[PDB]
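Look below for two forms of one protein chain, each set out as structure tokens: first structure 1, then structure 2.
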Structure 1
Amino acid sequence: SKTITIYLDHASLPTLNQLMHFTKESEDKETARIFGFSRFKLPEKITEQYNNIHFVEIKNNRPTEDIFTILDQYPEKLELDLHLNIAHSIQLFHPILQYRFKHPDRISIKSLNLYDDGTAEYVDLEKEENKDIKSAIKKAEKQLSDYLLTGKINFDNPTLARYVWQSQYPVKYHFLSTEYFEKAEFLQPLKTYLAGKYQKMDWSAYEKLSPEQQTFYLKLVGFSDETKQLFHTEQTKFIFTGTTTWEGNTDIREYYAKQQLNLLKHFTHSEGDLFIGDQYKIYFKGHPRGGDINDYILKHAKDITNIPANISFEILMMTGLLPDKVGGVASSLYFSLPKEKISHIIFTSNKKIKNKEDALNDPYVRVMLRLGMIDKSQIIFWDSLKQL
């Protein structure tokens, strides 16, 4: 037997957890790894330490058949440790199933770790509130068993099908919101079914890591020392969440920049409606596609620390660098935040949201309200705020 650890994600959150797993297994330079990522590519100083390290292209929603060529290199009996994105598991998994069929005697799936894409999974669960969950589970267990025998992808409820891997394999689930599964009454049959097999995405894993392993982790994910230091201070920290443009009545990027400069001031200036107070050090986390908009805000905002595009909120979480407060333009990252860390979330107009009432109906917003991660006073439509 040779164990092969296989990491697959096209999004970014799973990738970041999967790399944390790799960091913990980091001493082991022997076991073969296949890295099937869309975003992250790994430093040569790290990869060249590992003598059985392979990389596979993720085209569409799945690994390419390059993965067949990679596994052809290992003619031993093989046991695969799969790590997968929860929402896209079936699609990510299928090429591995195909390959197993070609070598049915010689290759097996030792285990699965499954990780939340993001808010997608929850938005999706929310669409199933009216179903018979207890019966849907038994159905999927059966359909999954057919699927592994045949290769035929046929599930009556694809969404719930994501959570029934334990009928086939040793499995472990990593959730953004363990509270959702606990408080959603309709899901109690699923909660009960998954007991023992899930845990909350760990922001503390990083502090547990030995100094050596942490440095290992920051290298993997792109976190420079220079930018790591920006968070060294013991001063409490507020982060403004930037955006690009929205359905203002104009194409002029500099309009949207100025407006956000206004929104920022509502947080930072004592005259602001949303004044957070003088305790916080102010950071800017601009959209990666921000460009000249981000240039503009950094130019006109005083006393503000910029955070580079490469440093997502997800990385901050995974390194225990969540700040004491977050506020600004509405995005689904807020789903991931603890309730104590959310000042105000501001919705800009697009085609679904034209007003606060619409904002209150955005799928991820509604669940956050039910879980009480925010109150309606924290939802603000951008139009309602004056000019300073």
Structure 2
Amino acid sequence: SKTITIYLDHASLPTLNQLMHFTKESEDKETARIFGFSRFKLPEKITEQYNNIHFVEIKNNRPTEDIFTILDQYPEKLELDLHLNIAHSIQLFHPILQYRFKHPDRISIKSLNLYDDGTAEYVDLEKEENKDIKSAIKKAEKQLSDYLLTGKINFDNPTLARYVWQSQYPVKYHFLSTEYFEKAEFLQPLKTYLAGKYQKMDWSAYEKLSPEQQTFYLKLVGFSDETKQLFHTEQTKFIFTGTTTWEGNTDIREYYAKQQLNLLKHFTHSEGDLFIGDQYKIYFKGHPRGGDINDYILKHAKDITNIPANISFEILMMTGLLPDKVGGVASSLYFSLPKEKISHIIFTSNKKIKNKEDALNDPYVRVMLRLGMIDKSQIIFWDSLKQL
């Protein structure tokens, strides 16, 4: 065979993980890699060293048909090591299945490494609490069998079906929150089913890395000396974290931008409801997909040190540059933080949230309550804050 390592993600969290996997094999310049993100994401000085590296667009949660043309370039017997996100694994897999129908003997699936996309997986699991999980796993296993035979996507429980890959392939899951699987009693049958097949997305796996490997990795993820020097001061530090919306609508985007700026003021102004105190130097860590919402903050915010938005927050934890306090909109990043470092986590909702009972039905709120990352007395949605 040749091994083809296929990394189908572009989103911040799974890609951060997959880039570490790549870094661990980076001295091997010959092995074929396919990445589901732009060729311009990584430094060209690095990528041009790899003689069998390709970049494919992910669209509607599937690699495009370019993936067929790439694989057509490899006439040998191939074993595919797939790396993909859990929430979208079914869709991401579809073209690989389609291609394998054409080359069933020559192309085999050697392994899957499955990673949380983010919090979507958790908020989706929250909606399954009253379902019969034992039988959902069974039904999904049968329905995965049919998907592999027919290529057609049909799952009674698309959320639980994300977790049955082991019935067909060697698999390892990388979870944002292993604790969630321990603390959610309704998931005990899944926890049991998955025993020994998962690990936490840990980020100490960056210490396992050699010193030169660590340097390489920072280059891949866009972390430089200049970023490091943003943290040179001894002064205690507060990072305001931003968020985003999958929504081109200008009114929705300008809404986000203005709400976010206002939220920042409630943390940084002595008149604010969340005032953190004068001791802290203030930083901004914009959402990587935040776009013009990030510009708006940088345009209008006084007295703030920007941490470039493309730098994933967790890189701060790996490199030992975490601040003293962090606050902002609910994000996957908070799952990485020790509790004492959290100032306030703030929520958003399309429904007007009018009171505490409305709040407790929000699935994101439920996840964070289940994990004890917030308590019920303090739950804040950002539209409840006054314009400052």
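When a residue number appears, read it as a position in the sequence of structure 1, where counting begins at 1. Take the two forms, superpose them, and find the largest set of C-alpha atoms that agree within 1.5 Å; that set is the rigid core.
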**Request:** Choose, among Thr305, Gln214, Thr159, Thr227, the residue with a C-alpha displacement of 2 Å or more between the two structures when the rigid core is used for superposition.
**Result:** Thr305
**Prompt:** Rigid core fitted, is the C-alpha displacement of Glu65 between the two structures 2 Å or more?
**Reply:** no
**Message:** Does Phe240 shift between the two structures by 2 angstroms or more at the C-alpha, the core having been superposed?
**Reply:** yes
**Message:** Rigid core superposed, CA of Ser270 - does it shift 2 Å or more between the two structures?
**Reply:** yes
**Message:** Looking at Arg39, what is the CA displacement between the two structures after core superposition, in angstrom?
**Reply:** 9.9
**Complete:** Here the CA of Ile380, compared between the two structures on the core, is shifted in angstrom by 4.4
**Prompt:** With both forms put on the same core, how far apart in Å are the CA positions of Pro363 between the two structures?
**Reply:** 1.9
